[PDB]
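Undergrad: Protein chains in written order, with the deposited numbering: chain A, 4 to 612, 622 to 1192, 1203 to 1303, 1311 to 1391; chain B, 81 to 340; chain E, 80 to 146; chain D, 82 to 149; chain C, 81 to 179. Heads up, the beta-carbon is just placed ideally off N, CA and C, and yes, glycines get one too.
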Amino acid sequence: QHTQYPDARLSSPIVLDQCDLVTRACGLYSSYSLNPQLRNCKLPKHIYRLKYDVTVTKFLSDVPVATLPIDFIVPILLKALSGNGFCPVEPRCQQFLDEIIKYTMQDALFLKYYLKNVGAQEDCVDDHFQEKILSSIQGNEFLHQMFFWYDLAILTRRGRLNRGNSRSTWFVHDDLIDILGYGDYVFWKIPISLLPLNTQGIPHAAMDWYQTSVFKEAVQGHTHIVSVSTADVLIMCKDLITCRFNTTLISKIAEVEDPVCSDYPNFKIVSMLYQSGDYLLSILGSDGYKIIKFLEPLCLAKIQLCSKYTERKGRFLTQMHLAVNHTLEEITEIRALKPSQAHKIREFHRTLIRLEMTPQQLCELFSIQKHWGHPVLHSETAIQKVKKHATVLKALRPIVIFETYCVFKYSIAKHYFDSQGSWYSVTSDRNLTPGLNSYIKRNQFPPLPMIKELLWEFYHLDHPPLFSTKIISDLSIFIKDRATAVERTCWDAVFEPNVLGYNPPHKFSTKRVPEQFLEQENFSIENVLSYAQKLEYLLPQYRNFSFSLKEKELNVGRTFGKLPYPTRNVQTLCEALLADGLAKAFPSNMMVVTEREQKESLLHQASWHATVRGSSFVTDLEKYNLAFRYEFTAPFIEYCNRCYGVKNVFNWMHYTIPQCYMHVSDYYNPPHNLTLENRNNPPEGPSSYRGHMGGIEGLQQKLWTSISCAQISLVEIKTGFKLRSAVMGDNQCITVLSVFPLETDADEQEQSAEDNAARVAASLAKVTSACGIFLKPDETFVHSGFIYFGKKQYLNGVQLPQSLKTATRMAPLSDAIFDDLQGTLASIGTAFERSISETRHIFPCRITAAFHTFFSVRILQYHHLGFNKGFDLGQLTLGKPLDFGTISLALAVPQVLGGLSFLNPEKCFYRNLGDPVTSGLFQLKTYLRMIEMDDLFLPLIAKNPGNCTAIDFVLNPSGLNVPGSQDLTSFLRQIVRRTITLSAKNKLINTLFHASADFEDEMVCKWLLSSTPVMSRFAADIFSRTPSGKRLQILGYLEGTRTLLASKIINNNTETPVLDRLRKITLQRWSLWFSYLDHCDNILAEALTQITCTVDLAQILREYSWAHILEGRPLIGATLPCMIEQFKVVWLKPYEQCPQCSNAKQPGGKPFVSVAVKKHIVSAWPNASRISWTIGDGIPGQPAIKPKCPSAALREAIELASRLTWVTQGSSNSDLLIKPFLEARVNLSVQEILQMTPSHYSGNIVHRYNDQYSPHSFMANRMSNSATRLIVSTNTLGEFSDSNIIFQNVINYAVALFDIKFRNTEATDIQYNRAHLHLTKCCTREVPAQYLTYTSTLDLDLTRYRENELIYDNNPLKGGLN
Amino acid sequence: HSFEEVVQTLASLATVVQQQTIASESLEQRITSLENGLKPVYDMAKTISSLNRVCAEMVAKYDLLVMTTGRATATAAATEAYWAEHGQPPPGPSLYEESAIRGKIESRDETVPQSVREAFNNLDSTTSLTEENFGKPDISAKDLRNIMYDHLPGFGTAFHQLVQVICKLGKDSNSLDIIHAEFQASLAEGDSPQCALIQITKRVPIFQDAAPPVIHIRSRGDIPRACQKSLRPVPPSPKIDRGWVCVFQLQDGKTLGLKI
Amino acid sequence: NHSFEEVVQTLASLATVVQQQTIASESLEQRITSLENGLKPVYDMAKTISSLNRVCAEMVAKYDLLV
Amino acid sequence: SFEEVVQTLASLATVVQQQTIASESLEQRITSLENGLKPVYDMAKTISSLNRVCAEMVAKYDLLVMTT
Amino acid sequence: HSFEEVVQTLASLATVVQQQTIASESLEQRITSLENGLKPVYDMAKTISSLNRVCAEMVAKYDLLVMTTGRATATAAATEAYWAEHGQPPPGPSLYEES
RNA sequence: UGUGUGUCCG
Ligand SMILES: [Zn+2]
């Protein structure tokens, strides 16, 4: 059928070089590309038949030859395009509007009901709630435009298929605007009377293309003009419209919840900002993004100006103002703006400057940077920018390099000594280092303040290697489904033959990592190390290193590099070795908030050789990559080589990059002056160069971060201060602790801390400049209580909310493999959960998610891309049209039962659920109780068991045997395995994937579940360390639909084509849902009656399933209660007696958990009115011998032996049980590993597997501001009713409940002082200590695995013993 | 007869004992001289410890220095000869001294390579950094005027002329930084921009008892659409603090003033 | 008288010889003490100078193939 | 008489034999000062070599660095 | 008994004479050793201070050095590394800066 | 006829 699948969201940079060809075929004129070769080249076979197309000729009949650039017209199209015309799609997206709104309202009701059932709700509720929501949704500004743009996106996405001959076009006429689409090309016909004019009488869009007299005589008596663009601009416009709609809707809805003050800025100011930005862009072209880019620093400065403002808090805003004024002055002198336009163009940054908002609103506004679009990129300008900063001559100071190297060595030695016991047996003539010999003999380590005169002594230390090269425990890093560069022989084969002007003599076989990985006969870690050691990357055919322009940004262009396959493998191995080896001596601390740290611990840490005040400053880590030279990084690279046994591995980049020819691998424009004769030695010009001395972004990041940490440590040593550093993304924050005496008040303390931070910043700037990397003092700011870093922004210890960046990204369409509905709904649910993690409001995010869920369902039902046009999924799968009630019912039963529901209200309290089945059952019961259809619970939850296998049970330990709750992962895994069977001549993969692999896997999983009683989590944990786990982790590498439908090895296996199988499975899955009454049985339905206990319902539901696996043996460690159903709240008044603890606690009493409120306020911004705005006080088995640098296989074997020994304690067959699991891992023998195995001594293994091993971190799903003002007492439970109670989840539930209950009321209005959590006597039981007993052995031959790839560990005892 | 021989043998033995005792006495004198000459060699520990320390330090420093640079260190004579023609810097690194290269840069006689000039200037421009003047911005007249315009709503009002005259007077008196700091502090503390300008013209000592500048206009056309209400006849003895911001002068003996 | 004189002479000779054995033994003990005293420090000095010479020679050997 | 004379002669012979054995013991123990004498010459030669090599290193430093 | 007494006395005096001669030889060699040991002590003491001051001056002068990077460092390092293992020139064509 | 137009390190 086809091998094409166009993307639904923007994922590529915008390049318009090819459009220059299109306008040449239609007889127009356009100047997009800076390459003259495209002006007089040969047109492709397509986009040349356009002159034979009658529709295009009719379209272009009353328009001038002249055209206009598209980047001047995007805001105009955005403003002047609403849905009122005629569109070819038959079911319009606007038709099914009302139903969506209806669904939204229902969801709101449910949430309220759920809250009222929990006991949180609110106080003094208003009757006018639904009407306000209806008015807000219906009165939105960007409503109809969203539907129109989605219709356009559907049309252009469907049109991009049909790569064969006889292609067709589509036409849309919307009043003023005309649109013609043809195979990834769009023509826009627009009136001229709506374009901004010059002082010379021509539009601003024609300034740089035409002279003043040429354009005037070109237009003549014409009213409409044509612009040409690609299909990416339409997707970008659709994304912008969706984001604006989401932002406006959320801002409008948030006012209803909190009429007085809300954390979202407004819905009137943001519209003005949108209009101002649109006008600025329409005037200035693509150069307006230089001004748009200043939205974030201005917001940061305005947030910074919400404190005491001593001296330095006004410097950053002044610098930003001066910079934006200079930028606006420089890019408008050539353009001939009218005085009115000149006055109007500054309104954007004038409104930005004069804003008056609370810090929360500014932090929310910080996240609308990408709501205006993205610039148009050119290869030439990006290459010229990269060429600078990468060829300049630097000046360095040798003494600073020497000191940095010494600090590097000292840090590594200190990290080795802190763990591992003692020093690392320094060899090599110890008398050369007088001063360290005493410490070595006494077996101690110098503290820190005395390390200033013996620093040079660290240069002479020598030692054996400390880290191992056999520590790779994840082979999936070597096959990741990416694209690489080609060999030097066929370097120019990645360009179009027509644009090039000649047929390249040589062609490549493939360009993808997974296809090249399976054809390498001699792949191995040792082979890669030998390849690196012999300097094989200097071979003449292994020097290409292409470039690629990065995705959506706001710069003139940033690039990343691509290397050939073996050098890519060398890079990956180096990164893995550095990650698991070094770089643990230079960690990233974080959690450096002084106000949220223990005073005694902070004072103890701040000691170098009493109140402690700390400041901080942040520096940007962007241009460091290009500013690294070999003269500075040579000693560190040599030391890294010496710490391992390698010879020439870690300096692969610095040796081969300068020998490469640099170019950007763009399809439609090759480097300038490329001809057949000068093909072996091409010339360098505007888009190429030869000598590259700096680094490349992304490569060798860990080494550079380690060097930066070493520099910071040297600065800390030089000046007697205490420094803490953190690095994330493209920046690093450094905080300085000052420590002060007692009687020094609190006014000059901040000034002194700021002065200390400023002097530290000056010293660091001097050091880094001496190292060859230059900071910008203009862009470096020093503050005392504001730290922004990654995903966390704190102002004097108060966390600021940022939830728009995730909530505004919700959309009906996303890449989920063949437009899977379950994937889209899961993505929407995850986005909703992440958004509700921040902020304090609840309703806007849930309303947005409910709005988008139904829209996605309908748009997938009617306009699926995998089927032919005019196809209805919901018609034939049922035989009757899909009604609203069926969809509403099928969107309510949770996913663990196979029911397409992902918006669990329980997620509003804590992130990780103890038991998905119990929570889902409780939610379904509550939903059915709300409506008057309570007599559907049993037929809904009965269902029919599926035909699964023990492999699936091991993979999902807490699931059910139903076919509707399964993903598409199994299908892809089977496809990959089938492909590997007829392919993969790797000669080492074939050994792993032998003929009887599936038999071995099935036998292992069957044996692991043959104990008594049966435990699922233990089996799942153990199964991952067997070779079956390695095979499974290799199998799952497919990520996208394009690689599924376009791969060569996958689609060369003949058999049934993939598209037909995908259609069949999609039809089956759609039939599984939305049907009901057809996949149920009455045998379990009668057996689940009169239970009235969710724990029991879950237990019999689990036991009835997996019956073909669990014959009659009990199942343990899988069922936990729902914490919503386990506790009840009373909300005691300040002066009263609890009815439960007094009236009904005479005989024995009732256990409970107490919650009380603190009174100290510490800090509050901007006021103490809201609890979220204030913070308070109150923090939220040894072995006999130890190996030295153990390998990955040895560690896995030790862990497996420990687990097997500890679980089976009541038996006496450990020696015969652990034996078959170690023959395939290590060369050692049983009773020798047991010496290394710690003597585990625990009780009731279920508790250790629930919280001690920590399958999940639990954490919390609310902001941490309110957790510091509450004290929770749990010792009142007495005997703790060990038990099924998870204490961390109890604390999280109490804190989240208190936060949700009081979120719109002022602090003084709260009339509740303490809360009692009283537990029921139905869902809480006693768990006794139990152990697993095995009555057989694995009795399988696992000795055939004698390959060194990732399985076998010949000679484990290489590094010695402790 | 044997008595004489016995006596002679005894005398000979006694004499031989005498010179062997003398020999032992001389031997022990030689030994005593041995430790006397050996004593003054043990005092070199203090010297040799420091010698070892400084030698090891120098060894480490220069070993690292030679290891960082490759095999093309480009000795000084080679660099000097290479600068003469095709004055680009030589391939491979090179070594200079701070004073030598500074004096070379400061003298426009020997045609130092350009790239070396920018490299050394960039390296040396960061040595003048203290805790003060680290992030201190440089403010000129035009920049401050634009900053003050960006806050005032509308256009063509009298506050624009007040900003202009304030900027001119500050430039004349070289006190722009104090004016800007006061403006920013007043605006941040809560007052409106107009109030900030009022406290500026009322609080700065240089703006006390000063005659407002007089400008000349040809006719009523120079008067903006937002200044007609502020036009007033000039009273005697104008005061800058009273509300004088400018003086409009005409050729035909006409003077007008503006009041907020 | 002659026998008594001979006995006295022999006794005096024995006293002198045993006295000079005592003196020689004391000198031998003093020499051994002086030797053992002057063993560790000078040996440490020698190895330190040897190591310094070796490292300096290695540095200069690395420097020669540069000019 | 004669018995006392021969007894004194025997005692003298024994003490002379003891003197000879003590002298040869001293001569055996004296052949160890060369262990404590060659380090002086070794240090002298190594210090001469160190002076030469440091002078060479300084000369290289003047040759390499541009200096004044 | 006179002859045996004379012979014994002659042997005893010969042994004492041999002891005296070997003691004199030991004294002579000890004096020679003392002269050899004390010959270069003054030179050592004078030379140690010269080395100390030279090393201190070199260390002080090292702190006033400025180095500028070149465009042929990585190529030279790669050539040296390739020559140090299976010593041959790297395969053609020539590298970026072959000089 | 347009080799999968593209979509890397973490
Ligand atoms: Zn109670």
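1) Using the rule of at least 16 other Cβ atoms within 10 Å of the residue's Cβ for burial, across every protein chain shown, is A:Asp242 buried or exposed?
2) So who's on the other strand from A:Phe883, going by DSSP bridges?
3) So A:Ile1128 packs on A:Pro1025, CB below 8 Å; how close in whole Å?
4) DSSP state of A:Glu1137, grouped into three classes?
5) Compute the Euclidean distance between the alpha carbons of A:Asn530 and A:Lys1387, then round it to the nearest angstrom.
6) Considering only heavy atoms of ligand 1, does any lie closer than 7 Å to the CB of A:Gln1152?
7) Rounding to the nearest angstrom, what Cα-Cα distance links A:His49 and A:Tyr153 in this structure?
8) By the DSSP assignment, the beta strand (DSSP E) with B:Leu338 in it spans what residues?
9) Flag C:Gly150 as yes if its beta-carbon sits less than 8 Å from any beta-carbon of chain B, otherwise no.
10) Classify A:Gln1340 as helix, strand or coil using the three-state DSSP reduction.
11) I think A:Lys919 touches A:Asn1283, with their Cβ atoms under 8 Å apart; what is that distance to the nearest whole Å?
12) Please list, in chain order, the chain C residues whose beta carbon lies closer than 8 Å to that of B:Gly117.
13) What would DSSP say about A:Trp664, mapped onto helix, strand or coil?
14) Any heavy atom of ligand 1 closer than 7 Å to the CB of A:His612?
15) A:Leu1390: buried (16+ other C-beta within 10 angstroms of its C-beta) or exposed?
16) Mind pulling the beta strand (DSSP E) runs of 3 or more residues that sit fully within the segment 206 to 255 of chain A?
17) May I ask you to list the residues that DSSP assigns as paired with A:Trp173?
18) Are the C-beta of A:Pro543 and some C-beta of chain C separated by less than 8 Å?
19) Within its chain, find whatever has a CB closer than 6 Å to the CB of A:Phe896; leave out the 5 residues flanking it on each side and keep chain order.
20) On the DSSP letters alone, give me the boundaries of the alpha helix (DSSP H) that A:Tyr568 sits inside.
21) What are the boundary residues of the beta strand (DSSP E) that includes A:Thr747?
22) Check whether the segment 291 to 303 of chain B touches the segment 251 to 264 of chain B, counting contact only when three or more Cβ pairs, one atom from each stretch, lie closer than 8 Å.
23) Could you give the residue range of the alpha helix (DSSP H) that holds A:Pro951?
24) Could you check how far apart the C-beta atoms of A:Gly1188 and A:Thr1290 are, in whole angstroms? I think they sit under 8 Å.
25) Taking A:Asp632 as part of the beta strand (DSSP E), name the residues at either end of that continuous run.
26) Between D:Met147 and B:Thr155, what straight-line distance do the alpha-carbon atoms span, to the nearest angstrom?
27) Note down, in chain order, each residue of its chain lying with its Cβ closer than 8 Å to the Cβ of A:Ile799, except the 5 sequence neighbours on either side.
28) Measure the Cβ-Cβ separation of A:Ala1215 and A:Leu1256 and say whether it is below 8 Å.
29) In terms of residues, what are the limits of the alpha helix (DSSP H) holding A:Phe62?
30) What residues in the segment 98 to 110 of chain C have a beta carbon less than 7 Å from any beta carbon of chain D?
31) Taking beta-carbon pairs under 7 Å, can you tell me which members of the segment 639 to 669 of chain A lie near chain B?
TA: Considering the structure as presented:
1) buried
2) Looking at the DSSP assignment, A:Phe883 forms no beta bridge with any residue, so it has no partner.
3) 5 Å
4) coil
5) 19 Å
6) yes
7) 27 Å
8) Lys334 to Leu338
9) yes
10) coil
11) 6 Å
12) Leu114, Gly117 and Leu118
13) helix
14) no
15) exposed
16) 227 to 233
17) A:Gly184
18) yes
19) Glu102
20) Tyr568 to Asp583
21) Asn743 to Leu749
22) no
23) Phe949 to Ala954
24) 5 Å
25) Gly626 to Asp632
26) 8 Å
27) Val595, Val596, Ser628, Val630, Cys745, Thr747, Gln805 and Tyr806
28) no
29) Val57 to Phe62
30) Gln99, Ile102 and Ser106
31) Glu643, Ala646 and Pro647
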